[PDB]
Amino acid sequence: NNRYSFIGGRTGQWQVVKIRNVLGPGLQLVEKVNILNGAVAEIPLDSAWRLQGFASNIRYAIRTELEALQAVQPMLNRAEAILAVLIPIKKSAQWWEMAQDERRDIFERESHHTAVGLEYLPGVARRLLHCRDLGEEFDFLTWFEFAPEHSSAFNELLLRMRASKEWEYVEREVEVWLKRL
């Protein structure tokens, strides 16, 4: 199943360490996030919010980039990856109406998204989900997990991305920091 759901409330496999409402309307603070590999129509009991998304095909990466990523990127659910961050992102209408060459160019040519991100591997594992096409309030759910030794680095990476040309098109962002139970 390509669909993943994230419910904030009182149960789950992850403990909320903090929520930072970086840009736009935030998410309600909760104790835990429950992560399910399927849809959830039935709004669980004592739950503040539900995010969902699907895994999909590659939209921007070229073959050489894919090859570099595969050389180094870690698997999920390594024993030592006890910290996680879930970061929902929405981009602007003006981003979405641009053509495929235009977005590619802002993403890599000007922003160096992949080249920059590669400097933080293999410390950081990641998953990417899409949800604009489902009509969610966010366009993407991003997922990162790592050992604590890598926390400072991850924080450096966030600040680099947010200085990029790409991030001028980001109109909503929340970081949910977690700890594995």
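Numbers follow the displayed sequence, beginning with 1.
Judged by the one-third criterion across other entries of this protein, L129, modelled here, is also modelled in every one of those that cover both its neighbours. Note: missing coordinates for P44 occur in a third or more of the other compared entries bracketing this position. Of the two segments examined, 132-140 and 37-45, it is 37-45 that shows the higher average Cα temperature factor in the deposited entry. According to the PDB record, 46-54 carries the higher mean C-alpha B-factor of the two stretches 46-54 and 113-121. For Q94, the recorded CA B-factor ranks within the highest third of the chain. Only modelled residues enter the ranking. Among the modelled residues of its chain, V85 has a C-alpha B-factor that falls in the lowest third according to the deposited record. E145: CA B factor in the lowest third of modelled residues in this chain (values from the PDB entry). Among the modelled residues of the chain, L157 sits in the lowest third by CA temperature factor in this PDB entry. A71: CA B factor lies in the highest third for its chain, per the PDB record.
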